[PDB]
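Because the Cβ atoms are built from the backbone with ideal geometry, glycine has one as well, and the counts that use them run over all protein chains shown. What is reported rests on the model, the rules as stated and the sources as named; nothing here is a laboratory result.
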Protein chains: 6
Amino acid sequence: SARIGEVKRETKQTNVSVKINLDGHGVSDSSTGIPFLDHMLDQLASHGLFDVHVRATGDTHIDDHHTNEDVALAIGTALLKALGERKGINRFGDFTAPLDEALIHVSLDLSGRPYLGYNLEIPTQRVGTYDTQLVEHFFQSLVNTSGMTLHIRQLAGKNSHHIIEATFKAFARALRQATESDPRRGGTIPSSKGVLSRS
Amino acid sequence: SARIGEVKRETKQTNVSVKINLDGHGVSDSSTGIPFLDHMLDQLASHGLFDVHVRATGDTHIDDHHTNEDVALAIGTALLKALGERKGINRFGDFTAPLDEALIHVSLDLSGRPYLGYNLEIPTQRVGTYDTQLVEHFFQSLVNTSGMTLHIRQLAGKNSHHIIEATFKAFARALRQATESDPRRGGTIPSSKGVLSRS
Amino acid sequence: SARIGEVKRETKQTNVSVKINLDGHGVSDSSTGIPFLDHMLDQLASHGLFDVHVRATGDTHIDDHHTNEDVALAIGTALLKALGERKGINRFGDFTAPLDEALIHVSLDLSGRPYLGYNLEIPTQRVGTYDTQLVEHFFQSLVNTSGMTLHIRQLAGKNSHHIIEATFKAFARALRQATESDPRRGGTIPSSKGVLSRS
Amino acid sequence: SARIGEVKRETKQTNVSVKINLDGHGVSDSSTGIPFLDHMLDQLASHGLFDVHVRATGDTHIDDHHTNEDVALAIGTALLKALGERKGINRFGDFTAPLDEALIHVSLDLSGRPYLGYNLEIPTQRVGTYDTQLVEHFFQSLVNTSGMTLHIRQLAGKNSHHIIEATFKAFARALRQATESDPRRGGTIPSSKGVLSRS
Amino acid sequence: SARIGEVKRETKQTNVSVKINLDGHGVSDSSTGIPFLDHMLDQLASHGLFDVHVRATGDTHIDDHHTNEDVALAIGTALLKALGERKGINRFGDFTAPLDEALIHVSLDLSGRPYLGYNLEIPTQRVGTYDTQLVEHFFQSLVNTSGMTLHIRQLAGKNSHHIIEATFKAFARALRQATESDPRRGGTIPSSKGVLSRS
Amino acid sequence: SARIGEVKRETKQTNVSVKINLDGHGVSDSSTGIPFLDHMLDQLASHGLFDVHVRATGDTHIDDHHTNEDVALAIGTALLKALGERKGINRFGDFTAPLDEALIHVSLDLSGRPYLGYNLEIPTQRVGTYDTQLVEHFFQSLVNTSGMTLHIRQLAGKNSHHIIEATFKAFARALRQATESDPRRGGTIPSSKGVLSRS
Ligand SMILES: O=P(O)(O)OC[C@@H](O)[C@@H](O)c1cnc[nH]1
Ligand SMILES: O=P(O)(O)OC[C@@H](O)[C@@H](O)c1cnc[nH]1
Ligand SMILES: O=P(O)(O)OC[C@@H](O)[C@@H](O)c1cnc[nH]1
Ligand SMILES: O=P(O)(O)OC[C@@H](O)[C@@H](O)c1cnc[nH]1
Ligand SMILES: O=P(O)(O)OC[C@@H](O)[C@@H](O)c1cnc[nH]1
Ligand SMILES: O=P(O)(O)OC[C@@H](O)[C@@H](O)c1cnc[nH]1
Ligand SMILES: [Mn+2]
Ligand SMILES: [Mn+2]
Ligand SMILES: [Mn+2]
Ligand SMILES: [Mn+2]
Ligand SMILES: [Mn+2]
Ligand SMILES: [Mn+2]
Ligand SMILES: [Mn+2]
Ligand SMILES: [Mn+2]
Ligand SMILES: [Mn+2]
Ligand SMILES: [Mn+2]
Ligand SMILES: [Mn+2]
Ligand SMILES: [Mn+2]
């Protein structure tokens, strides 16, 4: 009864397949056509202990944007599917993680209501070939399909790779917390209104 | 083949029923337990030509918040249902409407991607018994379930009732435009990527 | 059943005759004794498709003010007469028009309630022999007798003739929109309160 | 030959009846459904010596706005009717009145041309249950149907009830002055252009 | 051996009864005469897993202040009673929780020394009928009788209901953490000075 | 009698072929050697309903500039050819379109007089391999050969791809409007001076 979400999503621009196990062992298996994003998805598996399987192709000759967005949308849907009615879970996650001089605080609530608060200030435009504007878009798209309340707050940082990587580490650990079983909940839905829904 | 969306939504806090006809004749039939919101929903019908049927009850002794939110969520879902695959529609709407000294520009895209840009500055806290913070929440919740890109821009205004009412008038007219048939489209999906989706 | 409004207005200072057809073909026939105003009224006909007949004489040796005002008052009354109960009309108009570097946004509502919002900053005092303060007065007087809510917003412009002319072009197109038949209205009055009135 | 104006005005939102005698003895008889407004209308009678009869009902569960506006519109029309051709009157009124620390200067001209200049800064949002934004709207609507040039200038004041009440006292006295017979006029129209008109 | 604290507290102004189980299952049973406060106390149970029983009556016709204060004082005493010598507990709690755009960080230490650090900026005066100044007073009074060091820090937020609710969610989770058994402590008092005391 | 403009333009630096149908069905067929520009030209077809055929080659090893410019010049000439004497057309177009957080207002007049007003602030230097300075140059060159008055105004936006794409969407819709038949014009030239000319 591991919670597994699977999504296939295709448009004229991109083709995406995602399989995520919330109760994983950190199996990392991401190939998006965007090497830096693959590296970040590896962090999600390694530090979140999610099993993360992603395959994507797309119109990277135009730019990485459509692929990045469509991967994020599909991951969000996969998370939503895996989570189901959200019975017995912690629901909330909260973690601050460094990478050297960078320090990122991530707080999230698996509420069913999409919201992104994001204040990263990434001081360079490209990390490798990866457009650093795409980080915000990745998280925005992911929250929109997952129905997640997500806050990402930059507390320190100078190196762009460090800032983004620390964000994924903190996110992975916050998401792990939120998705894990609350040992006291007794399988009840963790909401005073009796339901958690993306509608 | 009128496009009609119907939603019933209930929680421990509220009970909501919505029926909206996109191809209506402005039939107004809204009773939310929040008189000012009913007045605004009347504008949606009158100026958008939507048929709007809303019934809600809820925990207004705590405050109008949960009712307001839950009505908005249900309306957004009703719009999504009515819109279907979004074939043959204008998709985009754009209108600036006054009410006396107030002037509000609303621009929207039935994109499938939720976003609210909102800059109203409503100078009083209560219009009648209605908490003016709830206007932003109404639109935010509506975009989240409808999969709408929505921008609301205050160009002028001093009277709070005028500001909010002008917003609903402009929104109604922009939404009417966006939902109406594009006479040249020939029933094609109005997107270069071949699909419009909330996922 | 073309909607035609006719006004004769005389005082000790001026003598004015106006005939306007809302359902016209752009017949331009304006002679006010103020050549620049005649040029602007020509734009109203050409871009609004109104048939515009104006004759005025007055005390232009004192200045153009009284004539300009009295022409505007009479035009506003003519519009009010032509509009009648305002059944079946769009009611609202909204257009932004350029003339070269100038760009003017006009938004109006045939509400029955006079209001002018005006922010033009015309950088010279005379266009030909025409006092550029008289532009604001023209629109103010027109809204007062027509029962129009009118907003005029200068978005760009440097040449005074361009600024004023772009204003008349945008106004003409917004007014055309507002006066035209709403194809869905089914002849109903476009107001939730059941009536549109200058009282 | 007392100058009496009577108006009945009804919409889907409100029902209003007004009778005003310009040559009254201060008979106060106002019941609008808005107690604070009734108190202000009492000042109009007491200090203006108008006989003021007002009855209104309306949608106060939405808010007091529509009632307040519609009462003001009807009062303005009643004044216009009572004034007729404005022969033999002072036409202009000018008065500054205090209420304790508050001091309000009101200047008006029964010109036929609506204009409101208003600079009150009322430091609280509610006086009793009365929304203090509605004061400006009351005067704006009244000038629009009466064809009055009206300037209201706050010279001092801290208490909101005092500020608004002093405004009505000053207005009542300015309006009394303007409506009263000029003992030298000899029944002539007090305008160099030979007529005073709302058109 | 569930840790249960019970308090009955009465004055000439209020009557309060509280029963709290630190080792609860989130049983919510709060009726204070202040609906918004009841909603917040529901969050304490739902997210803290405390069993919370509160009954209060009082002089709400004067305002909600005395009731709010006296409920808070009684809850604090109930917590103190339930906690006893504080053997074997985590003692410290730390959590940041969102509600949509709002994000509140709560840190607390069950030290025996009362202190409130509070920086919320709640942008409206009333949530429903609840005076938003009373939030600070609730926490101040609670810390004073419980002997708690409590810091409440607003990281983001615009909607007053969201800000206050997120505060209670974060507080509930921090308090749950602090009151729970430390699995390594071996029942020792978690203080280098050998005792934790409100004196 | 579809309005079709065809241009072949060659220099030592570039070779360009353009065919545009103003009365198209959104046939997209653009290959410029600049993938991002191709994506933008696809928007022109999809949202403008133009049939757009572009082939270009050029000195992209130097940079994309000459190709971008020469494509724009050729498109402008193609539009001019297709438009002819501009009889019976709307002439003016005005639209504000979003893409998520980006919001761009485009206003244009097919006047015969070239002018570009442009205020985009695109926060990154490269979208994919496309130099973001080239957007302004594309529109400037296009207006110069088409004889178009064009204003592009950035109202909101953070993502460079979104800002540029929203610009093309708004432009396409404004241009569609301007080129479409005015149903009332009766085939007259929409100018008070009797002619529209690039000279
Ligand atoms: O839905 P939640 O479990 O976060 O909490 C219940 C209710 O408070 C919540 O729906 C709410 C949303 N906005 C204000 N409150
Ligand atoms: O999906 P749209 O039809 O708004 O346009 C296609 C594609 O450009 C779009 O998916 C996109 C999203 N972000 C950048 N582009
Ligand atoms: O009269 P309108 O049709 O613009 O809308 C009805 C009512 O809302 C309107 O009379 C009003 C005026 N001020 C606030 N509302
Ligand atoms: O109409 P009055 O009586 O205020 O004054 C005559 C004339 O000067 C007046 O109509 C005018 C209006 N604007 C400038 N002057
Ligand atoms: O009492 P605590 O366990 O927080 O720590 C012992 C001692 O350091 C503490 O009493 C103290 C108080 N002020 C400074 N130190
Ligand atoms: O040429 P148009 O149709 O925009 O309008 C006629 C005339 O006003 C115009 O040529 C002009 C140019 N500059 C000022 N006016
Ligand atoms: Mn995107
Ligand atoms: Mn790394
Ligand atoms: Mn909410
Ligand atoms: Mn209203
Ligand atoms: Mn004048
Ligand atoms: Mn000209
Ligand atoms: Mn009003
Ligand atoms: Mn008093
Ligand atoms: Mn106290
Ligand atoms: Mn709540
Ligand atoms: Mn160049
Ligand atoms: Mn794109």
> Counting only residues that are at the interface with another protein chain (Cβ under 8 Å from one of its Cβ atoms) and of a type in the set (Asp, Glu), how many does the range B:120-135 have?
Replying inline: 1
>> Please verify whether E:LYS169 is among the charged types (D, E, K, R) and either within 16 Å of ligand 14 (Cβ to nearest atom) or not in a loop (DSSP other than H, G, I, E, B) (or both), treating the condition exactly as stated.
In response: yes
> Considering only residues of the range A:128-159 that are surrounded by fewer than 21 Cβ atoms within 10 Å (Cβ to Cβ) and among the hydroxyl-bearing types (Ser, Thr, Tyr), which is farthest from A:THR96 (Cα to Cα)?
Replying inline: A:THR129
>> Among the listed residues C:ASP29, C:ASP70, C:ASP42, identify the single one that is without any contact (Cβ under 8 Å) to a residue 40 or more places away in the chain and either within 16 Å of ligand 12 (Cβ to nearest atom) or in a helix (DSSP H, G or I) (or both).
In response: C:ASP42
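Condition check ((1) outside any loop (DSSP other than H, G, I, E, B); (2) in the same structural domain as F:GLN177 (by CATH)) across all residues:
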site: F:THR60; (1), (2): no, no
site: F:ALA74; (1), (2): yes, no
site: F:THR77; (1), (2): yes, no
site: F:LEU116; (1), (2): yes, yes
> Restricting attention to the range E:158-199, which residues are within 14 Å of chain B (Cβ to nearest Cβ) and of a type in the set (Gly, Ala, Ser)?
Replying inline: E:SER160, E:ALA166
> Does the range D:13-35 hold any residues that are closer than 17 Å to D:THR57 by Cα and touching a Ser or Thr at 6+ places or on another chain (Cβ under 7 Å), and which are they?
Replying inline: D:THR14, D:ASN15, D:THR32, D:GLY33, D:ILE34
>> Restricting to the range C:138-157, count the residues that are more than 11 Å from every other protein chain (Cβ to nearest Cβ) and farther than 10 Å from C:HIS105 by Cα.
In response: 3
>> Being closer than 16 Å to E:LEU99 by Cβ and within 14 Å of chain B (Cβ to nearest Cβ) is the requirement here; does A:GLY117 meet it?
In response: yes
> So, of the residues in the range B:60-85 that are within 11 Å of chain E (Cβ to nearest Cβ) and charged (D, E, K, R), which turns out to be surrounded by the fewest Cβ atoms within 10 Å (Cβ to Cβ)?
Replying inline: B:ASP63
> Which one is nearest to the other protein chains (Cβ to nearest Cβ), of the residues in the range F:34-43 that are surrounded by fewer than 24 Cβ atoms within 10 Å (Cβ to Cβ) and touching a strand residue (DSSP E or B) at 6+ places or on another chain (Cβ under 6 Å)?
Replying inline: F:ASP42
> Are there any pairs, at least 6 apart or on different chains, whose C-beta atoms fall under 9 Å, with the first in the range D:97-122 and within 11 Å of D:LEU155 (Cβ to Cβ) and without any contact (Cβ under 8 Å) to a residue 40 or more places away in the chain and the second more than 16 Å from ligand 10 (Cβ to nearest atom) and of a type in the set (S, T, N, Q), and if so, which?
Replying inline: D:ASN119/D:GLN154
> Restricting attention to the range A:32-46, which residues are out of contact with any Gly (no Cβ under 8 Å at 6 or more places or on another chain) and over 22 Å from B:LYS193 (Cβ atoms)?
Replying inline: A:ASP38, A:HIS39, A:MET40, A:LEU41, A:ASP42, A:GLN43, A:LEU44
> For the range A:106-125, which residues satisfy the criterion of being surrounded by 23 or more Cβ atoms within 10 Å (Cβ to Cβ) and in contact with a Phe, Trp or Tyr (Cβ under 6 Å, 6 or more places away or on another chain)?
Replying inline: A:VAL106, A:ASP109
> What are the residues in the range C:105-140 that are over 19 Å from C:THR179 (Cβ atoms) and within 15 Å of the chain's Cα centre (by Cα), if any?
Replying inline: C:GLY117, C:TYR118, C:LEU134, C:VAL135, C:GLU136, C:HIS137, C:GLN140
> Within the range E:145-153, is there a residue that is in contact (Cβ under 8 Å) with a residue 40 or more places away in the chain and part of a loop (DSSP other than H, G, I, E, B)?
Replying inline: yes
> Name the residues in the range C:156-176 that are in contact (Cβ under 8 Å) with a residue 60 or more places away in the chain and of a type in the set (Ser, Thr, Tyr), would you?
Replying inline: C:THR167
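Going residue by residue through the range C:101-110, is there one that turns out to be more than 8 Å from every other protein chain (Cβ to nearest Cβ) and not aliphatic (A, V, I, L, M)? Even if it seems obvious, please write down each step before you answer.
Narrowing the range C:101-110 to residues more than 8 Å from every other protein chain (Cβ to nearest Cβ): C:102, C:104, C:106, C:110.
This time we only want the ones that are not aliphatic (A, V, I, L, M), so: none.
No.
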>> Suppose the filter is part of a helix (DSSP H, G or I) and either polar (S, T, N, Q) or within 16 Å of ligand 9 (Cβ to nearest atom) (or both); does B:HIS137 pass it?
In response: yes
